Structures are given as structure tokens and as C-alpha cells.
Amino acid sequence: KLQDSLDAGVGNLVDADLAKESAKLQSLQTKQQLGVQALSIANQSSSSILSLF
Amino acid sequence: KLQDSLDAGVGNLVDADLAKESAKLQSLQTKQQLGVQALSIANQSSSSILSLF
Amino acid sequence: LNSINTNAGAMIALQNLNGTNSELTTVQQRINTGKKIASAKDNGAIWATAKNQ
Amino acid sequence: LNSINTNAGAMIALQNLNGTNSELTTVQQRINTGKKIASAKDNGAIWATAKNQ
Amino acid sequence: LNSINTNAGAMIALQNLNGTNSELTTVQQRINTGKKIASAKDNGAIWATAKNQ
Amino acid sequence: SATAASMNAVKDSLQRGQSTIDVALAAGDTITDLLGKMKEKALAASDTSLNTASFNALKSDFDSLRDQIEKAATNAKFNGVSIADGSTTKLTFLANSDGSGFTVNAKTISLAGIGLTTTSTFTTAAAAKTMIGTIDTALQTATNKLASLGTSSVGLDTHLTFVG
Amino acid sequence: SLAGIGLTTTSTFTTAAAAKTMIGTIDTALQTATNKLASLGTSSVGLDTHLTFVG
């Protein structure tokens with residue numbers, strides 16, 4: 001019984017509760033797509049200078 | 001009686017507790033599928049670079 | 001500032017994207033391992049305590 | 001770091017998947033053999049005592 | 001509210017699922033032990049009364 | 001512009017220190033698993049009810065794990081430099097363009113550094129009963145050293161982000 | 001081999017007392033062979049652990 005209790009205590013200290021990461025994964029994937037699109041938009045700022053010449 | 005005691009001692013030494021294996025097997029199968037999915041997500045990091053070009 | 005030699009907005013966007021990729025890598029390791037403290041880099045005190053336990 | 005050559009996160013995920021596969025094959029052999037010490041590799045000293053007994 | 005940094009509905013669904021898990025765990029433990037009160041945690045007063053009796 | 005261009009060397013030294021600490025952490029994982037197996041070996045040898053052959057086999061397994069710890073500590077090098085081999089007192093990595101460092105004290109994890117010895121063993125049950133606590137202290141100091149190295153690596157990564 | 005476990009290619013018994021001595025001879029041979037196999041298994045586990053660290 002004491003060995004089972006120690007293993008349960010190690011699992012409490014260390015184990016991740018994966019149901020939260022199941023949502024955080026999709027959220028961070030949407031964040032990565034939005035950030036890549038925002039960077040692609042930010043890269044284009046130099047293009048406007050050519051229209052003035 | 002002595003031979004029975006010796007065989008019981010060998011069984012105490014080497015025999016597995018299969019009831020714990022019945023839980024560890026299912027947990028490791030779920031963990032293996034989760035690790036395969038996580039590695040598959042890790043493989044895709046290069047694809048974001050194409051959007052910037 | 002309509003400079004062509006420098007683009008600060010791309011710099012800030014790349015920093016935000018790098019932070020998003022870091023968070024996604026953390027979630028990836030936490031899913032594939034099943035542990036929120038898989039190594040001494042995650043949290044050294046709780047990690048050493050769990051190892052001794 | 002947005003390298004198109006090195007992919008450190010995939011290597012880390014592959015290491016965790018290899019460790020999970022090792023634990024799973026260990027559980028498979030322990031389930032089919034019925035022993036937690038089926039051979040000298042599992043524990044040479046206990047295997048020796050069990051063989052002599 | 002269309003945030004990518006927060007998901008309160010997933011939190012409430014997690015709370016409800018954890019409560020259902022607690023009910024399923026206490027019921028399976030009651031089926032296994034065969035008693036509505038198998039330990040002092042279940043109900044200490046009638047537990048001590050049943051121990052003395 | 002020169003001060004900004006000089007920061008690439010700072011980032012390079014920071015990542016080099018991170019990789020060195022990573023190799024040390026892998027060797028420490030090996031050393032901790034070996035120390036745990038040595039613990040159950042000494043704990044079994046402490047029992048007086050065993051016959052001589054079982055105590056001898058436990059002694060042989062203990063010596064084998066000890067030699068394995070010595071080799072695993074020997075091999076923990078990143079390109080000829082090591083924070084855990086015990087070959088140096090400390091490593092330093094650039095923290096700024098002026099050459100100010102980011103000191104990382106070495107944490108030796110060889111048998112000499114964890115309080116053990118190349119010839120440590122037990123020849124009697126009382127010697128195994130003392131080796132129980134000896135291995136406990138060794139594993140505890142090893143986990144403390146690895147925790148300090150991991151905290152140093154996280155600090156290296158944080159300063160890397162600030163330098164960028 | 002038979003030379004490595006304390007026996008011989010011509011080892012045998014021709015009398016009951018020789019068989020009673022061979023009982024202990026076979027005991028010592030089985031014990032030494034089993035200890036050798038245990039050391040080989042420990043060496044194999046060490047090779048696997050070093051393989052993981054090398055990767």
C-alpha cells in the first residue's frame with residue numbers, strides 16, 4: 001500500500017493533465033497561423049515605396 | 001512439502017503481476033498514439049516558411 | 001519613417017511568432033511525454049523530489 | 001530559429017516515442033512470458049538465484 | 001469574445017467531466033469493496049461505530 | 001551598428017552552453033537510473049537470510065553498475081568540453097558585447113563527485129547496510145546537481161531571448 | 001564450455017561414490033555457468049544504455 005501511495009504521489013507531482021493541452025494545442029496552432037499571416041503582411045511594407053516613383 | 005515451498009519461492013522471485021500489466025498496456029497504447037500524433041505535429045514546422053515567400 | 005533599410009514591424013512580428021512557436025513546442029513535449037515536469041529544465045526542485053520519490 | 005535544415009523538436013519527439021515504444025515492448029514481453037524476469041538481462045542476480053532454486 | 005488565448009467553456013466542460021469521473025470512481029469503488037462505507041473518509045462516525053461493533 | 005553586429009557571438013556562446021548542459025543532463029539521467037539499481041542491489045544484499053551465492057551475484061551486479069556510472073560520467077562531453085566530467089571548476093559564456101560572462105559553476109557527477117569511489121563495494125551484510133545510506137546520499141547530491149544545471153540552462157535561454 | 005565450467009569431455013562416474021561426488025561437481029558447474037550468464041546479461045543491458053546515450 002505504501003508503494004502504491006508513493007507512486008500516486010510522484011504522479012501528482014509530475015504528470016500533466018492532458019485535457020487542458022488538448023485545447024491549448026489547437027489554440028496555439030491557430031495562433032501560429034495568425035502569426036505567420038501577420039508576419040507575411042508586415043513584410044510587404046516596402047512595396048508601397050515603389051508606387052511613389 | 002519442501003519441493004512445493006521451493007517452487008512457490010521461485011514464483012515469488014520471477015512471476016509478474018499481470019493485473020498491473022493490464023492497466024500499463026492500455027495506458028502505454030494511448031501514450032504511443034499520443035506520441036505519434038505529437039511527432040506528426042512536430043514534422044510540419046517547415047511548412048510555415050513557404051507562406052512567407 | 002518610410003525607410004527601406006529597416007522594418008521594425010517585421011521584427012516585432014517575428015518575436016511574437018517565435019514566442020508562439022516556443023509555447024507550441026512546450027505543449028508538444030508535454031503531450032508526447034505525458035509529464036508537465038519531464039526534466040530538470042522544467043523545474044529542478046520538483047524534478048529532484050520526484051526522482052528521489 | 002526558423003531553420004529548414006535542422007528540426008530539433010522532431011528529434012526530441014522521436015526520442016520520447018522511442019522510449020514509449022521500449023516501455024510498450026517490455027510490457028508485451030512481460031505479459032506473454034508471464035515473468036518480470038524472463039532472462040539474465042532483466043536481473044542477472046535474481047535470475048541466477050531463481051535458476052539455481 | 002473570440003479569443004485565441006482563453007477558452008472558459010472548455011474549463012467548465014472539464015469541471016463537469018471531472019465531477020462525473022469522481023462519481024464513476026466512487027461507484028466502482030463501492031461495487032468493488034461491497035460497502036457504502038469502506039474507510040473513514042466515507043463517513044467517520046458510522047465507520048468508527050462499525051469498527052467497534 | 002558594430003555593437004549590434006557583435007551580439008551573434010553572444011547568442012552562439014549561449015546556445016553552446018545550452019547544448020553542453022543538455023549532454024550533462026542525458027548523462028545524469030543515466031547515472032540516476034544506475035544509482036537506483038545500485039540501491040536495490042545493496043538493499044537486497046543487506047539481508048542476512050541469503051546464501052553466499054546470492055550475495056556474491058548481488059556484489060557483482062553492484063560493481064558492474066558502479067563501473068557503468070564511471071563510464072557514463074566519463075562520456076559526458078560536448079566537443080571536448082564538459083560541465084559534468086569534473087575536468088574544470090566552471091564554464092563562462094558571453095552575456096553582452098563587452099565580454100561580461102554568464103558564469104555556470106561545474107557540477108561533477110562522477111563517482112568522486114557523488115561521494116563514491118572507483119573501488120566502492122561491500123563484502124558483508126553490514127557493509128551493504130552502510131552502502132544503503134551511502135547510495136542514498138550519492139543519488140541525492142546527484143539530483144541536486146542536475147537540478148542546478150537545469151536552472152542554469154533555463155537562465156541561459158532567458159538571457160538569449162533578451163539578447164535577441 | 002565443459003572446460004570453462006569445471007568439467008571435462010571424459011567426465012563420468014563408474015561407482016555410486018563417484019556419482020555422489022559428481023552431485024557436488026555438477027552443482028558447482030551449474031552455479032558458475034549461471035553466474036557467467038548473469039554477467040553477460042548485465043553487459044548487454046549496459047550496451048543498450050550506452051546506445052541510447054550515444055543516440
# chains A, B, ... in the order shown; residues from 1 in each chain; ligands from 1
call {"tool": "interface_residues", "arguments": {"of": "chain C", "to": "chain F", "cutoff": "10 Å", "atoms": "only C-alpha atoms", "output": "CSV table (one decimal) with N, CA, C and O atoms, in the first residue's frame"}}
result
chain,number,residue,atom,x,y,z
C,15,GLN,N,9.2,38.3,-33.4
C,15,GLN,CA,9.4,38.0,-32.0
C,15,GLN,C,8.1,37.3,-31.4
C,15,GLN,O,8.2,36.3,-30.7
C,18,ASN,N,8.0,33.8,-32.7
C,18,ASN,CA,8.9,33.0,-32.0
C,18,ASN,C,8.4,32.5,-30.7
C,18,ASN,O,8.5,31.4,-30.2
C,19,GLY,N,7.7,33.5,-30.0
C,19,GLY,CA,7.1,33.1,-28.7
C,19,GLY,C,6.0,32.1,-28.9
C,19,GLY,O,5.8,31.2,-28.1
C,39,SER,N,11.8,17.0,-17.1
C,39,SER,CA,13.3,17.1,-17.0
C,39,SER,C,13.6,18.2,-16.0
C,39,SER,O,12.8,19.0,-15.5
C,40,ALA,N,14.9,18.3,-15.6
C,40,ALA,CA,15.4,19.3,-14.7
C,40,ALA,C,15.2,20.7,-15.2
C,40,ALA,O,15.1,21.6,-14.4
C,41,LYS,N,15.1,20.9,-16.5
C,41,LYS,CA,14.9,22.2,-17.1
C,41,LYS,C,13.5,22.7,-16.8
C,41,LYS,O,13.2,23.9,-16.8
C,42,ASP,N,12.5,21.8,-16.6
C,42,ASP,CA,11.1,22.2,-16.4
C,42,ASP,C,11.0,22.9,-15.0
C,42,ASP,O,10.4,23.9,-14.9
C,43,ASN,N,11.5,22.2,-14.0
C,43,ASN,CA,11.5,22.7,-12.6
C,43,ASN,C,12.4,21.8,-11.8
C,43,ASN,O,12.0,20.7,-11.4
C,44,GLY,N,13.6,22.4,-11.4
C,44,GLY,CA,14.6,21.5,-10.8
C,44,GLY,C,14.2,20.9,-9.4
C,44,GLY,O,14.5,19.8,-9.1
C,45,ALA,N,13.6,21.7,-8.6
C,45,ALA,CA,13.3,21.2,-7.2
C,45,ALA,C,12.2,20.1,-7.3
C,45,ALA,O,12.4,19.1,-6.7
C,46,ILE,N,11.1,20.3,-8.0
C,46,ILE,CA,10.1,19.3,-8.0
C,46,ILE,C,10.6,18.1,-8.8
C,46,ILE,O,10.2,17.0,-8.5
C,47,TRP,N,11.5,18.3,-9.8
C,47,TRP,CA,12.1,17.2,-10.5
C,47,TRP,C,12.9,16.3,-9.6
C,47,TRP,O,12.8,15.1,-9.6
C,48,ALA,N,13.8,17.0,-8.8
C,48,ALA,CA,14.7,16.2,-7.9
C,48,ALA,C,13.8,15.5,-6.9
C,48,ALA,O,14.1,14.3,-6.5
C,49,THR,N,12.8,16.1,-6.4
C,49,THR,CA,11.9,15.5,-5.4
C,49,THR,C,11.2,14.3,-6.0
C,49,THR,O,11.1,13.2,-5.3
C,50,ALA,N,10.7,14.4,-7.2
C,50,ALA,CA,10.0,13.3,-7.8
C,50,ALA,C,11.0,12.2,-8.1
C,50,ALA,O,10.6,11.0,-8.1
C,51,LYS,N,12.3,12.5,-8.5
C,51,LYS,CA,13.2,11.4,-8.7
C,51,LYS,C,13.5,10.6,-7.5
C,51,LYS,O,13.6,9.4,-7.5
C,52,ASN,N,13.7,11.3,-6.4
C,52,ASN,CA,14.0,10.7,-5.1
C,52,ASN,C,12.8,9.8,-4.7
C,52,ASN,O,12.9,8.7,-4.1
call {"tool": "select_by_dssp", "arguments": {"residues": "chain A", "states": "alpha helix (DSSP H)", "output": "PyMOL selection string"}}
result
chain A and resi 2-14+18-42+47-51
call {"tool": "calpha_fit_and_write", "arguments": {"fixed": "chain B", "moving": "chain A", "output": "PDB file with N, CA, C and O atoms, in the first residue's frame"}}
result
ATOM      1  N   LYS A   1       6.562 -31.491   0.514  1.00  0.00           N
ATOM      2  CA  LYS A   1       6.231 -30.147   0.982  1.00  0.00           C
ATOM      3  C   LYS A   1       7.363 -29.163   0.701  1.00  0.00           C
ATOM      4  O   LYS A   1       7.117 -28.012   0.315  1.00  0.00           O
ATOM      5  N   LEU A   2       8.614 -29.604   0.863  1.00  0.00           N
ATOM      6  CA  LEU A   2       9.746 -28.722   0.588  1.00  0.00           C
ATOM      7  C   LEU A   2       9.853 -28.390  -0.897  1.00  0.00           C
ATOM      8  O   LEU A   2      10.219 -27.265  -1.262  1.00  0.00           O
ATOM      9  N   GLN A   3       9.528 -29.347  -1.770  1.00  0.00           N
ATOM     10  CA  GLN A   3       9.541 -29.052  -3.200  1.00  0.00           C
ATOM     11  C   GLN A   3       8.471 -28.031  -3.558  1.00  0.00           C
ATOM     12  O   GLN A   3       8.713 -27.112  -4.358  1.00  0.00           O
ATOM     13  N   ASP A   4       7.284 -28.157  -2.953  1.00  0.00           N
ATOM     14  CA  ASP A   4       6.250 -27.155  -3.196  1.00  0.00           C
ATOM     15  C   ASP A   4       6.690 -25.784  -2.701  1.00  0.00           C
ATOM     16  O   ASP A   4       6.440 -24.766  -3.357  1.00  0.00           O
ATOM     17  N   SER A   5       7.374 -25.743  -1.555  1.00  0.00           N
ATOM     18  CA  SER A   5       7.817 -24.463  -1.016  1.00  0.00           C
ATOM     19  C   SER A   5       8.872 -23.820  -1.910  1.00  0.00           C
ATOM     20  O   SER A   5       8.855 -22.601  -2.125  1.00  0.00           O
ATOM     21  N   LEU A   6       9.779 -24.626  -2.466  1.00  0.00           N
ATOM     22  CA  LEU A   6      10.794 -24.077  -3.361  1.00  0.00           C
ATOM     23  C   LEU A   6      10.175 -23.557  -4.653  1.00  0.00           C
ATOM     24  O   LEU A   6      10.593 -22.512  -5.174  1.00  0.00           O
ATOM     25  N   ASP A   7       9.174 -24.264  -5.185  1.00  0.00           N
ATOM     26  CA  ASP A   7       8.516 -23.768  -6.391  1.00  0.00           C
ATOM     27  C   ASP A   7       7.760 -22.474  -6.114  1.00  0.00           C
ATOM     28  O   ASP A   7       7.783 -21.544  -6.933  1.00  0.00           O
ATOM     29  N   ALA A   8       7.124 -22.377  -4.943  1.00  0.00           N
ATOM     30  CA  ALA A   8       6.460 -21.130  -4.580  1.00  0.00           C
ATOM     31  C   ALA A   8       7.460 -19.995  -4.411  1.00  0.00           C
ATOM     32  O   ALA A   8       7.160 -18.847  -4.755  1.00  0.00           O
ATOM     33  N   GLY A   9       8.662 -20.296  -3.917  1.00  0.00           N
ATOM     34  CA  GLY A   9       9.663 -19.251  -3.780  1.00  0.00           C
ATOM     35  C   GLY A   9      10.200 -18.770  -5.115  1.00  0.00           C
ATOM     36  O   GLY A   9      10.444 -17.573  -5.304  1.00  0.00           O
ATOM     37  N   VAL A  10      10.363 -19.687  -6.073  1.00  0.00           N
ATOM     38  CA  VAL A  10      10.766 -19.268  -7.414  1.00  0.00           C
ATOM     39  C   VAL A  10       9.674 -18.418  -8.053  1.00  0.00           C
ATOM     40  O   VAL A  10       9.953 -17.409  -8.719  1.00  0.00           O
ATOM     41  N   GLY A  11       8.411 -18.785  -7.822  1.00  0.00           N
ATOM     42  CA  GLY A  11       7.322 -17.996  -8.369  1.00  0.00           C
ATOM     43  C   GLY A  11       7.241 -16.619  -7.740  1.00  0.00           C
ATOM     44  O   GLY A  11       6.899 -15.641  -8.406  1.00  0.00           O
ATOM     45  N   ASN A  12       7.564 -16.522  -6.449  1.00  0.00           N
ATOM     46  CA  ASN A  12       7.630 -15.214  -5.810  1.00  0.00           C
ATOM     47  C   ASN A  12       8.756 -14.371  -6.394  1.00  0.00           C
ATOM     48  O   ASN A  12       8.572 -13.177  -6.659  1.00  0.00           O
ATOM     49  N   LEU A  13       9.932 -14.970  -6.596  1.00  0.00           N
ATOM     50  CA  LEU A  13      11.063 -14.191  -7.096  1.00  0.00           C
ATOM     51  C   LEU A  13      10.782 -13.681  -8.504  1.00  0.00           C
ATOM     52  O   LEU A  13      11.130 -12.540  -8.830  1.00  0.00           O
ATOM     53  N   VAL A  14      10.149 -14.490  -9.352  1.00  0.00           N
ATOM     54  CA  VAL A  14      10.213 -14.228 -10.788  1.00  0.00           C
ATOM     55  C   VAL A  14       8.888 -13.757 -11.379  1.00  0.00           C
ATOM     56  O   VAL A  14       8.866 -12.839 -12.208  1.00  0.00           O
ATOM     57  N   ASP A  15       7.781 -14.367 -10.965  1.00  0.00           N
ATOM     58  CA  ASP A  15       6.517 -14.179 -11.669  1.00  0.00           C
ATOM     59  C   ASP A  15       6.046 -12.730 -11.621  1.00  0.00           C
ATOM     60  O   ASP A  15       6.094 -12.066 -10.581  1.00  0.00           O
ATOM     61  N   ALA A  16       5.594 -12.238 -12.770  1.00  0.00           N
ATOM     62  CA  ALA A  16       4.939 -10.943 -12.859  1.00  0.00           C
ATOM     63  C   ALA A  16       3.512 -11.029 -12.333  1.00  0.00           C
ATOM     64  O   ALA A  16       2.835 -12.050 -12.482  1.00  0.00           O
ATOM     65  N   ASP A  17       3.053  -9.938 -11.723  1.00  0.00           N
ATOM     66  CA  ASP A  17       1.660  -9.805 -11.301  1.00  0.00           C
ATOM     67  C   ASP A  17       0.919  -9.107 -12.433  1.00  0.00           C
ATOM     68  O   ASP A  17       0.970  -7.883 -12.556  1.00  0.00           O
ATOM     69  N   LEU A  18       0.212  -9.886 -13.257  1.00  0.00           N
ATOM     70  CA  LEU A  18      -0.234  -9.385 -14.556  1.00  0.00           C
ATOM     71  C   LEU A  18      -1.349  -8.351 -14.467  1.00  0.00           C
ATOM     72  O   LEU A  18      -1.603  -7.655 -15.458  1.00  0.00           O
ATOM     73  N   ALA A  19      -2.032  -8.236 -13.329  1.00  0.00           N
ATOM     74  CA  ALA A  19      -3.120  -7.270 -13.244  1.00  0.00           C
ATOM     75  C   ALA A  19      -2.634  -5.829 -13.375  1.00  0.00           C
ATOM     76  O   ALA A  19      -3.401  -4.972 -13.827  1.00  0.00           O
ATOM     77  N   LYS A  20      -1.384  -5.541 -12.999  1.00  0.00           N
ATOM     78  CA  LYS A  20      -0.828  -4.206 -13.206  1.00  0.00           C
ATOM     79  C   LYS A  20      -0.500  -3.951 -14.673  1.00  0.00           C
ATOM     80  O   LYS A  20      -0.773  -2.863 -15.200  1.00  0.00           O
ATOM     81  N   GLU A  21       0.085  -4.940 -15.349  1.00  0.00           N
ATOM     82  CA  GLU A  21       0.360  -4.799 -16.771  1.00  0.00           C
ATOM     83  C   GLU A  21      -0.910  -4.737 -17.605  1.00  0.00           C
ATOM     84  O   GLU A  21      -0.878  -4.176 -18.703  1.00  0.00           O
ATOM     85  N   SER A  22      -2.029  -5.264 -17.100  1.00  0.00           N
ATOM     86  CA  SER A  22      -3.290  -5.117 -17.821  1.00  0.00           C
ATOM     87  C   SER A  22      -3.694  -3.654 -17.960  1.00  0.00           C
ATOM     88  O   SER A  22      -4.348  -3.285 -18.942  1.00  0.00           O
ATOM     89  N   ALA A  23      -3.331  -2.812 -16.991  1.00  0.00           N
ATOM     90  CA  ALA A  23      -3.596  -1.382 -17.113  1.00  0.00           C
ATOM     91  C   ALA A  23      -2.452  -0.657 -17.809  1.00  0.00           C
ATOM     92  O   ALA A  23      -2.685   0.271 -18.599  1.00  0.00           O
ATOM     93  N   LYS A  24      -1.213  -1.064 -17.521  1.00  0.00           N
ATOM     94  CA  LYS A  24      -0.070  -0.415 -18.153  1.00  0.00           C
ATOM     95  C   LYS A  24      -0.072  -0.605 -19.663  1.00  0.00           C
ATOM     96  O   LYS A  24       0.409   0.266 -20.392  1.00  0.00           O
ATOM     97  N   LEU A  25      -0.631  -1.712 -20.157  1.00  0.00           N
ATOM     98  CA  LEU A  25      -0.660  -1.936 -21.597  1.00  0.00           C
ATOM     99  C   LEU A  25      -1.545  -0.907 -22.290  1.00  0.00           C
ATOM    100  O   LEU A  25      -1.133  -0.279 -23.273  1.00  0.00           O
ATOM    101  N   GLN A  26      -2.762  -0.708 -21.777  1.00  0.00           N
ATOM    102  CA  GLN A  26      -3.652   0.293 -22.357  1.00  0.00           C
ATOM    103  C   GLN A  26      -3.090   1.700 -22.191  1.00  0.00           C
ATOM    104  O   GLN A  26      -3.204   2.536 -23.102  1.00  0.00           O
ATOM    105  N   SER A  27      -2.433   1.968 -21.059  1.00  0.00           N
ATOM    106  CA  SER A  27      -1.860   3.294 -20.856  1.00  0.00           C
ATOM    107  C   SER A  27      -0.750   3.568 -21.862  1.00  0.00           C
ATOM    108  O   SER A  27      -0.692   4.648 -22.461  1.00  0.00           O
ATOM    109  N   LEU A  28       0.140   2.595 -22.073  1.00  0.00           N
ATOM    110  CA  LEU A  28       1.223   2.790 -23.028  1.00  0.00           C
ATOM    111  C   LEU A  28       0.731   2.795 -24.470  1.00  0.00           C
ATOM    112  O   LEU A  28       1.355   3.432 -25.321  1.00  0.00           O
ATOM    113  N   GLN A  29      -0.383   2.123 -24.771  1.00  0.00           N
ATOM    114  CA  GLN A  29      -0.943   2.245 -26.115  1.00  0.00           C
ATOM    115  C   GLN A  29      -1.481   3.650 -26.364  1.00  0.00           C
ATOM    116  O   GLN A  29      -1.254   4.233 -27.437  1.00  0.00           O
ATOM    117  N   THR A  30      -2.178   4.222 -25.377  1.00  0.00           N
ATOM    118  CA  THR A  30      -2.602   5.612 -25.513  1.00  0.00           C
ATOM    119  C   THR A  30      -1.398   6.544 -25.602  1.00  0.00           C
ATOM    120  O   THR A  30      -1.412   7.521 -26.362  1.00  0.00           O
ATOM    121  N   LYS A  31      -0.332   6.232 -24.860  1.00  0.00           N
ATOM    122  CA  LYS A  31       0.883   7.038 -24.933  1.00  0.00           C
ATOM    123  C   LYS A  31       1.526   6.954 -26.309  1.00  0.00           C
ATOM    124  O   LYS A  31       2.039   7.952 -26.823  1.00  0.00           O
ATOM    125  N   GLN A  32       1.493   5.774 -26.930  1.00  0.00           N
ATOM    126  CA  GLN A  32       2.065   5.625 -28.261  1.00  0.00           C
ATOM    127  C   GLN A  32       1.265   6.406 -29.289  1.00  0.00           C
ATOM    128  O   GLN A  32       1.841   7.052 -30.172  1.00  0.00           O
ATOM    129  N   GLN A  33      -0.065   6.381 -29.177  1.00  0.00           N
ATOM    130  CA  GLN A  33      -0.875   7.151 -30.115  1.00  0.00           C
ATOM    131  C   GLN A  33      -0.644   8.648 -29.944  1.00  0.00           C
ATOM    132  O   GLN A  33      -0.479   9.379 -30.933  1.00  0.00           O
ATOM    133  N   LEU A  34      -0.597   9.122 -28.694  1.00  0.00           N
ATOM    134  CA  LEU A  34      -0.337  10.538 -28.460  1.00  0.00           C
ATOM    135  C   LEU A  34       1.060  10.942 -28.915  1.00  0.00           C
ATOM    136  O   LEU A  34       1.241  12.047 -29.438  1.00  0.00           O
ATOM    137  N   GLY A  35       2.046  10.057 -28.770  1.00  0.00           N
ATOM    138  CA  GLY A  35       3.389  10.391 -29.211  1.00  0.00           C
ATOM    139  C   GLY A  35       3.518  10.412 -30.719  1.00  0.00           C
ATOM    140  O   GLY A  35       4.226  11.255 -31.277  1.00  0.00           O
ATOM    141  N   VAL A  36       2.822   9.504 -31.404  1.00  0.00           N
ATOM    142  CA  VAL A  36       2.843   9.526 -32.861  1.00  0.00           C
ATOM    143  C   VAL A  36       2.154  10.781 -33.381  1.00  0.00           C
ATOM    144  O   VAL A  36       2.621  11.413 -34.337  1.00  0.00           O
ATOM    145  N   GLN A  37       1.055  11.189 -32.737  1.00  0.00           N
ATOM    146  CA  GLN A  37       0.399  12.424 -33.154  1.00  0.00           C
ATOM    147  C   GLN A  37       1.269  13.646 -32.871  1.00  0.00           C
ATOM    148  O   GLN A  37       1.317  14.583 -33.679  1.00  0.00           O
ATOM    149  N   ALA A  38       1.986  13.644 -31.743  1.00  0.00           N
ATOM    150  CA  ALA A  38       2.867  14.767 -31.437  1.00  0.00           C
ATOM    151  C   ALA A  38       4.032  14.844 -32.416  1.00  0.00           C
ATOM    152  O   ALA A  38       4.436  15.940 -32.823  1.00  0.00           O
ATOM    153  N   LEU A  39       4.573  13.693 -32.823  1.00  0.00           N
ATOM    154  CA  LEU A  39       5.630  13.698 -33.829  1.00  0.00           C
ATOM    155  C   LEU A  39       5.106  14.167 -35.177  1.00  0.00           C
ATOM    156  O   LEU A  39       5.795  14.903 -35.898  1.00  0.00           O
ATOM    157  N   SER A  40       3.884  13.761 -35.533  1.00  0.00           N
ATOM    158  CA  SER A  40       3.306  14.207 -36.795  1.00  0.00           C
ATOM    159  C   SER A  40       3.076  15.710 -36.789  1.00  0.00           C
ATOM    160  O   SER A  40       3.197  16.370 -37.828  1.00  0.00           O
ATOM    161  N   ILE A  41       2.751  16.270 -35.624  1.00  0.00           N
ATOM    162  CA  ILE A  41       2.604  17.718 -35.525  1.00  0.00           C
ATOM    163  C   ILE A  41       3.965  18.400 -35.615  1.00  0.00           C
ATOM    164  O   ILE A  41       4.114  19.435 -36.277  1.00  0.00           O
ATOM    165  N   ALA A  42       4.981  17.828 -34.961  1.00  0.00           N
ATOM    166  CA  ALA A  42       6.311  18.431 -34.960  1.00  0.00           C
ATOM    167  C   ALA A  42       6.961  18.410 -36.339  1.00  0.00           C
ATOM    168  O   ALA A  42       7.775  19.286 -36.648  1.00  0.00           O
ATOM    169  N   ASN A  43       6.626  17.425 -37.174  1.00  0.00           N
ATOM    170  CA  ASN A  43       7.234  17.355 -38.501  1.00  0.00           C
ATOM    171  C   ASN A  43       6.832  18.518 -39.401  1.00  0.00           C
ATOM    172  O   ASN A  43       7.570  18.842 -40.337  1.00  0.00           O
ATOM    173  N   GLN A  44       5.695  19.158 -39.138  1.00  0.00           N
ATOM    174  CA  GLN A  44       5.105  20.136 -40.044  1.00  0.00           C
ATOM    175  C   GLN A  44       5.661  21.545 -39.879  1.00  0.00           C
ATOM    176  O   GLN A  44       5.184  22.460 -40.558  1.00  0.00           O
ATOM    177  N   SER A  45       6.637  21.751 -38.991  1.00  0.00           N
ATOM    178  CA  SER A  45       7.090  23.106 -38.693  1.00  0.00           C
ATOM    179  C   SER A  45       7.695  23.798 -39.910  1.00  0.00           C
ATOM    180  O   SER A  45       7.628  25.027 -40.019  1.00  0.00           O
ATOM    181  N   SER A  46       8.290  23.036 -40.831  1.00  0.00           N
ATOM    182  CA  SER A  46       8.916  23.647 -42.001  1.00  0.00           C
ATOM    183  C   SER A  46       7.893  24.247 -42.956  1.00  0.00           C
ATOM    184  O   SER A  46       8.234  25.138 -43.742  1.00  0.00           O
ATOM    185  N   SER A  47       6.645  23.776 -42.912  1.00  0.00           N
ATOM    186  CA  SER A  47       5.645  24.214 -43.881  1.00  0.00           C
ATOM    187  C   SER A  47       5.336  25.701 -43.783  1.00  0.00           C
ATOM    188  O   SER A  47       4.971  26.312 -44.794  1.00  0.00           O
ATOM    189  N   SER A  48       5.472  26.299 -42.598  1.00  0.00           N
ATOM    190  CA  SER A  48       5.145  27.710 -42.432  1.00  0.00           C
ATOM    191  C   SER A  48       6.088  28.627 -43.197  1.00  0.00           C
ATOM    192  O   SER A  48       5.694  29.744 -43.543  1.00  0.00           O
ATOM    193  N   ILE A  49       7.319  28.185 -43.464  1.00  0.00           N
ATOM    194  CA  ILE A  49       8.290  29.043 -44.135  1.00  0.00           C
ATOM    195  C   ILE A  49       7.818  29.405 -45.539  1.00  0.00           C
ATOM    196  O   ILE A  49       8.086  30.507 -46.032  1.00  0.00           O
ATOM    197  N   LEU A  50       7.099  28.495 -46.200  1.00  0.00           N
ATOM    198  CA  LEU A  50       6.670  28.757 -47.570  1.00  0.00           C
ATOM    199  C   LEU A  50       5.657  29.893 -47.651  1.00  0.00           C
ATOM    200  O   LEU A  50       5.590  30.585 -48.674  1.00  0.00           O
ATOM    201  N   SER A  51       4.863  30.100 -46.598  1.00  0.00           N
ATOM    202  CA  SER A  51       3.867  31.166 -46.625  1.00  0.00           C
ATOM    203  C   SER A  51       4.516  32.543 -46.668  1.00  0.00           C
ATOM    204  O   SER A  51       3.910  33.498 -47.169  1.00  0.00           O
ATOM    205  N   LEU A  52       5.739  32.669 -46.152  1.00  0.00           N
ATOM    206  CA  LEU A  52       6.433  33.949 -46.129  1.00  0.00           C
ATOM    207  C   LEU A  52       7.032  34.331 -47.475  1.00  0.00           C
ATOM    208  O   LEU A  52       7.469  35.475 -47.635  1.00  0.00           O
ATOM    209  N   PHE A  53       7.071  33.414 -48.436  1.00  0.00           N
ATOM    210  CA  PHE A  53       7.597  33.720 -49.761  1.00  0.00           C
ATOM    211  C   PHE A  53       6.506  33.594 -50.819  1.00  0.00           C
ATOM    212  O   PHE A  53       5.760  32.614 -50.846  1.00  0.00           O
TER     213      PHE A  53
END
call {"tool": "closest_residue", "arguments": {"among": "C:37, C:13, C:31, C:4", "to": "chain D", "atoms": "only C-alpha atoms"}}
result
C:31
